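Read the structure below first, then the notes.
Protein chains in written order, with the entry's author numbering: chain I, 41 to 82, 132 to 204; chain H, 188 to 259; chain G, 197 to 259; chain K, 0 to 24, 38 to 288; chain L, 0 to 23, 36 to 286; chain J, 148 to 286.
Structure follows, in structure tokens:
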């Protein structure tokens, strides 16, 4: 159950990351267009007794092993999702920094041409 | 014989080792859950911030369009 | 058969630990990056909000 | 190497030029001060860079600028963090006051957390750290930040139980556990908090701990099946008959089954010492 | 390939047109057209010529009044040269790092430092230069409270020093990172492996004091007792006491049954066992 | 909100709202709408890589949601769901539903109660699940 909750919430995080990426791209394009327009403005247990003390026990442990394999699947899926999210954020970083650079340079140019 | 009793004891020692292993696994899962929760809430706050920023940017763009169209 | 099953289970547990270790380190790095971008975007939006307010007041004073 | 001497000379020249420019009487002076502080930072001379940052912040604030002033104050505080903790803490207080004036709750709470961390790790004070954590918890809870508020409350309760009375710790643990019982993700951990409160009850008296564990067990049926419940019942039985041997047997059995957090051990040691 | 030849011809023609236009205010247009030509050449997939064109465009931009744009062009030219002579890329990335530090951005400077270190070590056998770059990057990150990157750089330099036979530096770094992991509630599960590596590094010096080191690690980290690393290390030391390959060879083979040993650990194991 | 999200083409967000609406409808004793929503959500999530592990769960709910209508239709729906998603057979849900149906066939409430108690002991039940099982115990 812990793993299932983590997986679903990570899916939500990925969707939010995509949304913010789209927002950042739109902001960058709008700012560039505005700047251009402004520039143009100017078993498990061995059998010693057998019995349910060893049969039921190894059945339970086999079920536990199956659940452990299910956890294997959950962990692999989680790792892949987080790997995608890392690159997504890394890509967003450069665009955000470039937008900040563009606005700073535009402000400097505006403060220079006026005199 | 006493060999059977010793074999049972070793069986149970191995079972205790498995107990410790599974406890460690559960502790690791619990540790991971909190970090995931924190990252998600932080993502939510960042999304809210960027949404407000884009709304303000669109308003400013509309105002600039109005000003440039009417001034000229 | 005991050796085979026991070693298989131990190998699987070791794999669990190793992959979760890598995932946790990656999550820590992602959190640090996300904090950096949070502060960056907050400062950028504040600065653009200040600049546009300055431009608005300047143009109003001129006209 | 050339780096230190060259950067120091450049910073001194920039400072002299800015001083002359202000004496001529202004944004150019502020930019020059910021650049000189940047050179100081590259010069590795962490001290006296915060002074230049503060001077630039004051110069900018003189013309009603606030955002840049607040950011510069925060930067000066961060720079002074290692050079002078007191000056860094004061600059962080100024930044928090500015943000509160402007209404930025999250930044103020984060700065409060940073002040708490620096004060507790560098200087020796728990009441100041507790107050800062309480302020951060209040600010975050005001802005529906449940996780950070819960973390701050847990840390405050831990510090109080470490030094202060058990009433505050018991109340905080009860509130946090009651809030976390319904949460599916955090249910598995809820019992944990309660257990600590129960131990905090034993210092008051044995009857208090017995009543607290009874109340927690009735409130949470699952807690009854917890191994912690069995351990606590055995410990209460041992304290009933003043039997140190059984107490230590239970403690060693719990340690063998599960490792300790170094806080349960201290409380168990206190209870054994006062068991008489 | 016809497509590659056509792309190269188009890029040559665009660069020639840009040269003609600049040879004919004008600085801005020349910079923009040269940047466009450099981008087209990068699409043409000729690394040396495209990198040279990008570097020339960056220099022309430097002639223009701009600071961050010059740095971006410099880093782009360095990335292009990555598939070219390493010296030019190293120089351009160093210049970009200097510009960024002048602007005061420590994070991008440290990222560029890590990139230059990686290219220096992978393309050239000179490891000391990459170690120095890693140390500078670690200093930059520690300045900005970036504990993750600082720890990664410390681990990398410690591993390289251990490979270089500078066991003092490696073991000190391993102890530091282990105690840091202890302090942090998270990542404390790697402290056992860090202490195991530190114990190996100490053993490389000698064996008599390895007992004191393992005692110190155990008392500092009691949980290391139940970790398989402690058992394996003590058993390997005990077998090494006996001048027999069979004992420690069997121990390490049984350990390898669980998982495959890495090249660095295997190399240290061979070095210790052989003598 | 679900219609707005559907018009916005932001999937995985309206599914939770539809699931909540279906659960509330089931709490309102109108099981047709809840069954339809649950089957639709299960079909949608069956082919989803991440949500596949959860898809089967929805079917189980449908089965319980389909149990109150009558026994024979519930059995037919359970067979249809099991044949649609073979791996649903491995889940304990199918075993529990089959055991409870077998108990209800002979009107031996004791076996049904024992099965419910054992299932709760293995995994703590939900309030909605407990209420549904209590209502099923009426017949």
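Built from N, CA and C at the ideal position, the CB exists for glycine as well.
Check: Cβ contact check for the region 88-97 of chain L and the region 51-63 of chain L: 3 or more pairs under 8 Å; Outcome: yes
Check: Contact with chain L by residue 198 of chain G, beta-carbon distance below 8 Å; Outcome: no
Check: Cβ contact check for the region 4-23 of chain L and the region 191-199 of chain K: 3 or more pairs under 8 Å; Outcome: no
Check: Extent of the continuous alpha helix (DSSP H) to which residue 25 of chain L belongs; Outcome: Coordinates for residue 25 of chain L are simply not present: the residues of chain L run from 23 and resume at 36.
Check: DSSP-derived helix/strand/coil call for residue 110 of chain L; Outcome: helix
Check: Option nearest residue 110 of chain L by Cα separation, candidates L:142, L:77, L:134, L:139; Outcome: L:77
Check: Reduced DSSP secondary structure (H/G/I, E/B, other) of residue 249 of chain L; Outcome: helix
Check: Residue range of the alpha helix (DSSP H) that includes residue 280 of chain J; Outcome: 274-284
Check: Three CB pairs or more closer than 8 Å across the region 59-77 of chain I and the region 233-245 of chain H; Outcome: yes
Check: Cutoff 7 Å; reference residue 246 of chain J; Cβ partners in own chain excluding five residues on either side; Outcome: 262
Check: The region 207-215 of chain J touching the region 236-246 of chain J, judged by at least three CB pairs closer than 8 Å; Outcome: yes
Check: Segment contact flag, the region 188-204 of chain H with the region 169-186 of chain K, C-beta cutoff 8 Å, min 3 pairs; Outcome: no
Check: Contact with chain K by residue 189 of chain L, beta-carbon distance below 8 Å; Outcome: no
Check: Nearest residue (CA-CA) to residue 53 of chain L, options L:38, L:73, L:3; Outcome: L:3
Check: Any non-hydrogen atom of the ligand PLP within 7 Å of residue 43 of chain L CB; Outcome: Although the ligand PLP was asked about, the structure shown includes no ligands whatsoever.
Check: Euclidean distance between Cα positions of residue 169 of chain I and residue 157 of chain L; Outcome: 25 Å
Check: Simplified DSSP assignment, three categories, for residue 218 of chain L; Outcome: coil
Check: DSSP state of residue 97 of chain L mapped onto helix, strand, coil; Outcome: helix
Check: Proximal residues of chain I, C-beta to C-beta of residue 124 of chain L below 7 Å; Outcome: Going along chain I, no residue has its Cβ under 7 Å from residue 124 of chain L, so there is no contact; the nearest lies around 17 Å.
Check: Cβ of residue 173 of chain I within 8 Å of any chain L Cβ; Outcome: no
Check: Residue environment, residue 214 of chain H, which counts as buried when at least 16 other CB atoms sit within 10 Å; Outcome: exposed
Check: Cβ-based neighbour list, residue 180 of chain K, same chain, cut-off 6 Å, excluding 5 preceding and 5 following; Outcome: 172
Check: Of the listed residues J:155, J:151, J:282, nearest to residue 256 of chain J (C-alpha basis); Outcome: J:282
Check: Interface residues of chain B facing residue 203 of chain G [CB-CB closer than 7 Å]; Outcome: Structure shown: chain B not included; protein chains present are I, H, G, K, L and J.
Check: Straight-line Cα distance separating residue 77 of chain I from residue 71 of chain I; Outcome: 10 Å
Check: The region 112-121 of chain K contacting the region 141-160 of chain K, beta-carbon criterion three pairs below 8 Å; Outcome: yes
Check: Exposure of residue 234 of chain J, with buried meaning 16 or more beta-carbon neighbours within 10 Å; Outcome: exposed
Check: Any C-beta of chain I under 8 Å from that of residue 72 of chain L; Outcome: no
Check: Cross-chain neighbours of residue 163 of chain K in chain L, by beta carbon under 7 Å; Outcome: Correct list: empty, because the minimum Cβ distance to chain L is about 12 Å.
Check: Neighbour-count burial assignment, residue 236 of chain L, 16 or more Cβ in a 10 Å radius; Outcome: exposed
Check: Residue 137 of chain L burial status per 10 Å Cβ neighbour count (16 or more: buried); Outcome: exposed
Check: Buried versus exposed call for residue 139 of chain I [16 or more other C-beta atoms within 10 Å across all chains shown]; Outcome: exposed
Check: Any C-beta of chain L under 8 Å from that of residue 217 of chain G; Outcome: yes
Check: Min CB distance residue 166 of chain K to chain H below 8 Å; Outcome: no
Check: Chain I contacts from the region 134-148 of chain L (Cβ-Cβ distance under 8 Å); Outcome: none
Check: Contact under 8 Å by Cβ, residue 188 of chain J with residue 200 of chain J; Outcome: no
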